[PDB]
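Undergrad: Dumping the structure here so I can ask a few things about it.
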Amino acid sequence: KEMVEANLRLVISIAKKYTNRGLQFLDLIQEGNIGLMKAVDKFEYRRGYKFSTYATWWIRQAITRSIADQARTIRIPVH
DNA sequence: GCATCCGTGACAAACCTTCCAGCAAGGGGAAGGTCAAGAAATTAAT
């Protein structure tokens with residue numbers, strides 16, 4: 001909880017590059033929230049990296065997944 | 001018990017799984033479509 005609450009600035013700073021008129025801001029924010037929640041258990045911090053750098057890829061994956069599944073009436077898949 | 005603030009009308013990029021249609025070059029099963037034999041039903045001799 002404190003890990004995901006200390007890094008909401010990460011999702012609200014990464015959600016600037018995908019602010020198109022397909023979805024609202026809050027859906028992308030809460031999809032990046034579950035992407036960061038997956039990155040918490042996928043972190044494995046013993047390599048010596050920061051959480052923002054590895055969490056950026058997971059949150060961008062969740063953002064692309066939300067813009068692929070949602071933001072379109074005809075649901076076109078992610079590929 | 002009185003002044004004052006909101007509804008509401010306005011002709012990215014790779015990575016990996018399952019699932020399904022095509023072209024070989026066609027055969028076979030299920031299901032539905034047409035030809036030559038004998039049997040019903042009519043008539044011209046008493």
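Identifiers for the structure tokens are assigned positionally: chains receive A, B, ... in sequence, residues are indexed from 1 per chain, and ligands are indexed from 1 in the order shown.
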Only residues of chain B matter here; which ones have an atom within 12 Å of chain A, counting only C-alpha atoms (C1' of nucleotides)? Give them as a list in words.

TA: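 Within 12 Å of chain A on chain B, we get residues 12, 13 and 14 of chain B.
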
Undergrad: What are the DSSP alpha helix (DSSP H) residues of chain A, as a PyMOL selection string?

TA: chain A and resi 2-5+8-14+25-41+51-69

Undergrad: Restrict the selected residues to C-alpha atoms and save them as a CSV table (one decimal), in the first residue's frame.

TA:
```
chain,number,residue,atom,x,y,z
A,2,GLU,CA,2.7,2.5,0.9
A,3,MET,CA,4.7,1.4,-2.2
A,4,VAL,CA,1.8,2.0,-4.6
A,5,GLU,CA,0.8,5.2,-2.8
A,8,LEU,CA,1.1,7.6,-7.9
A,9,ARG,CA,3.2,10.5,-9.2
A,10,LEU,CA,4.8,7.9,-11.5
A,11,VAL,CA,1.4,7.0,-13.2
A,12,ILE,CA,0.2,10.7,-13.3
A,13,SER,CA,3.5,11.7,-14.9
A,14,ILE,CA,3.6,8.8,-17.4
A,25,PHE,CA,-7.5,10.2,-17.5
A,26,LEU,CA,-8.8,8.1,-14.6
A,27,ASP,CA,-9.1,4.8,-16.4
A,28,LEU,CA,-5.5,5.0,-17.6
A,29,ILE,CA,-4.4,6.0,-14.1
A,30,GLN,CA,-6.2,3.0,-12.5
A,31,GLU,CA,-4.8,0.7,-15.2
A,32,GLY,CA,-1.3,1.9,-14.4
A,33,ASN,CA,-2.2,1.3,-10.8
A,34,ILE,CA,-2.7,-2.4,-11.4
A,35,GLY,CA,0.4,-2.4,-13.6
A,36,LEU,CA,2.4,-1.0,-10.8
A,37,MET,CA,0.8,-3.5,-8.5
A,38,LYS,CA,2.0,-6.3,-10.8
A,39,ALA,CA,5.4,-4.6,-10.9
A,40,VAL,CA,5.6,-4.7,-7.1
A,41,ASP,CA,5.7,-8.5,-7.1
A,51,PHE,CA,11.3,0.9,-9.0
A,52,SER,CA,10.5,3.8,-11.4
A,53,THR,CA,12.6,2.4,-14.3
A,54,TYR,CA,11.3,-1.2,-14.2
A,55,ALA,CA,7.7,0.0,-13.3
A,56,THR,CA,7.7,2.3,-16.4
A,57,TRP,CA,7.6,-0.7,-18.7
A,58,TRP,CA,4.8,-2.4,-16.8
A,59,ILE,CA,2.7,0.8,-16.5
A,60,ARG,CA,3.2,1.5,-20.2
A,61,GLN,CA,2.1,-2.1,-21.0
A,62,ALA,CA,-1.0,-1.6,-18.9
A,63,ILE,CA,-1.7,1.7,-20.7
A,64,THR,CA,-1.3,0.1,-24.1
A,65,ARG,CA,-3.6,-2.7,-23.0
A,66,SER,CA,-6.2,-0.3,-21.8
A,67,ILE,CA,-6.0,1.8,-25.0
A,68,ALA,CA,-6.2,-1.5,-27.0
A,69,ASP,CA,-9.1,-3.1,-25.3
```

Undergrad: CA of residue 7 in chain A and CA of residue 49 in chain A, how far apart in Å?

TA: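 About the pair CA of residue 49 in chain A and CA of residue 7 in chain A: they are 15.4 Å apart.
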